[PDB]
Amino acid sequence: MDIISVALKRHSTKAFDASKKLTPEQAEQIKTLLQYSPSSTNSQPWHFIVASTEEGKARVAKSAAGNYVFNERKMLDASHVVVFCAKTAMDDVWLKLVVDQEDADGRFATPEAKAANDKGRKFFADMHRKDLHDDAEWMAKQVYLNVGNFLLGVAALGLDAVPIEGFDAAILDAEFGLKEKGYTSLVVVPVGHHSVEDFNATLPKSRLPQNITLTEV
């Protein structure tokens, strides 16, 4: 159970074995990972859809019918398929909700601590929706962080997965009633076990040398 090995061994599955499914335990482990991911000020500006039924994966895959047909198969054949969603705008409600939760779990000693945490959360939230007018992308950024967390996490569970950015968010939004609830699709991640039609399992892993992307000071 060494994380580097799993980091060097994991890959983007290009073909899933429709027959091999997720344990009801692994199915639970998948939702736990999504939920427990960190976020700026613990804003958790996301929403997830975890397709488990063929009727569900088809609903999702329905967004890959365009010029992303090669992606369609990964969706339908994989055990579970999660489509990460980000909030469209950071509202005062979601903010009150987060702090009310942190309080419910006992993260505040005095009511003054609770207030100081809320003012700090609103400081950052405001500099985004009021100063820089980027709360939508700031929120989308955290969702991606959640994905990086997820990809490594499932890989460490001995599961295969692949981050799909090639899909019509517009079609997916409409198909699930998103945007109405204040959300958008950003990444689709089919999870399960790979089949022999997956070429990327035999191919070596590649990244640019550290002498180009990294500076030590």
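Start at 1 and count along the sequence shown; that's the residue number. Definition used throughout: the rigid core is the maximal C-alpha set that superposes within 1.5 Å between two forms.
- Here 140-148 and 67-75 are scored by the root mean square distance of their C-alpha atoms in 5 other deposited structures of this protein, with each structure fitted by the rigid core; the higher score goes to 67-75.
- Between 58-66 and 183-191, the larger root mean square Cα shift in 5 other deposited structures of this protein, once each structure is superposed on the rigid core, falls on 58-66.
- Of the two segments, 153-161 and 48-56, the one listed with the higher mean B-factor is 48-56 (C-alpha atoms only).
- In this entry, 166-174 has the higher mean Cα B-factor, the comparison being between 27-35 and 166-174.
- Per the deposited record, the Cα B-factor of residue 73 falls in the highest third when ranked against the other modelled residues of its chain.
- When the modelled residues of the chain are ordered by their C-alpha B factor, residue 112 lands in the highest third.
- For residue 3, the recorded CA B-factor ranks within the middle third of the chain. Only modelled residues enter the ranking.
- When the modelled residues of the chain are ordered by their C-alpha B factor, residue 63 lands in the highest third.
- Residue 182: CA B factor in the highest third of modelled residues in this chain (values from the PDB entry).
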